[PDB]
């Protein structure tokens, strides 16, 4: 049972999706930019990920800049509601598996919550080796 909140325009998100597949399952794929989680789902993802609300915030995107979110003037719920109203503020990719939930940045973070081992060596799209044929992390 695997879900990934994916942005096909993000290399980290692409590498994460292919590592999931290389573990042998095809995940449910949620295009969060167009289908964001509900407030309740988002609050749960954040809890399960064990990171702060602000840590989930994507910087260098229009609403982050124009709403001034770099400044420490926002409660967590204010930030959560900005994310729901402007889903490009949600950093990516988030992956949910039976083992847990992670913001998979960098992508190989996903190896923590995949239940089955990579079926063979994995190399990121830019050529960075992640695990070898043996299964060892590089």
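Positions refer to the first chain, counted from 1.
- For the pair 74-82 and 33-41, the mean B factor over Cα atoms is greater in 33-41.
- For the two regions 126-134 and 110-118, the entry's Cα B-factors average higher over 126-134.
- Residues shown: 66, 60, 97, 52. Highest C-alpha temperature factor in the entry: 60.
- The deposited CA B-factor of residue 47 belongs to the highest third of values across its chain.
- When the modelled residues of the chain are ordered by their C-alpha B factor, residue 10 lands in the highest third.
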